[PDB]
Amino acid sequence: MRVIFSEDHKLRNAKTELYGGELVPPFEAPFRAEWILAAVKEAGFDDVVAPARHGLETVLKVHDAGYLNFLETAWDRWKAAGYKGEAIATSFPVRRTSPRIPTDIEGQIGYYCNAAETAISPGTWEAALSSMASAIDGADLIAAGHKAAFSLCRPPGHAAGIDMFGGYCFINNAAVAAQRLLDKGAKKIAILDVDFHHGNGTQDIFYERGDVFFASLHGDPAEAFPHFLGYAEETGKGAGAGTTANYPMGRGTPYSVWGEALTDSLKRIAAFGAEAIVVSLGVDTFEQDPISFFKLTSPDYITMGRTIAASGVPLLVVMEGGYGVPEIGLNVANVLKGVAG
């Protein structure tokens, strides 16, 4: 399969991240893509290509315009206000609050933010557009008839909802790709989020869309970021009822239990009638991944890929989470390999 990757991801290099009550160097760092790209290259998938330029039409079909407009200038406004640090939200529209949008930059960032553990820094916007571009190109390859393709996206995007950034995500790539596929002739598309964390952004974007089915395998939100979405009972709403399938799982879940979930989701997706599947690939489910509590081993990522591919429909793998350890590349490369069959 072809690999779409943009060097512009490096433009996203924030120096701080709120964690454990401290500002530390962001976990979703640049070296992540370097290794992923290297591990997959040696896996035989060395047909890497840069993405082409794209407008904002596709993304404007899945994200709020005010939200996008906010991102493009957030940093400039932030620095203009005179802040010495990076842009980090402090106040949030939580329970029983007004729906109005603040005019001030300090209020807007909070309004368009679901988690303070992510900071907007110089380049973030341009970086996000490029990662989005990789997703669009990957989607185009599926639309052209390619059986599979991998968009090495960075920054990731499954936590970016309709009008909010966080969880290290700004533009929901997986969602723009799903939208792209539709725009190219698909009537029904499915998104499968295997990343450790619930793809709360993706869920929100398609909760009321009946043309897209969302399935996510993640850690019980009762005790894992994002904490406020991902419960089994969230099955959709209104025009999108029945189109969301969450599979929350407790600590120590092994592939035995995890794989059963994968099986069930694939069933619901098949019953949904998806013409293709956008795979939100996050390899943070690895037993040796710092911020995660599932017990998956590297071999399992080969099973994961093969299994999803066995669906018989075209697949577009989109990069999401997975950090720290040097096995990230290997694990990602194994999912691609399993997909290759």
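Just count from 1 along the sequence shown to find any residue number.
According to the PDB record, 320 to 328 carries the higher mean C-alpha B-factor of the two stretches 5 to 13 and 320 to 328. Legend: mean Cα B-factor per stretch from the PDB entry, 87 to 95 versus 257 to 265; the higher mean is in 257 to 265. As recorded in the PDB entry, 252 shows the highest C-alpha B-factor of the residues 230, 252, 161, 238. Among the modelled residues of the chain, residue 105 sits in the highest third by CA temperature factor in this PDB entry.
Per-chain ranking of the deposited C-alpha B factor places residue 290 in the highest third. For residue 144, the recorded CA temperature factor ranks within the middle third of the chain's modelled residues. Compared with the other modelled residues of the chain, the Cα B-factor recorded for residue 273 ranks in the middle third. Ranked by C-alpha B-factor against the other modelled residues of its chain, residue 299 falls in the highest third.
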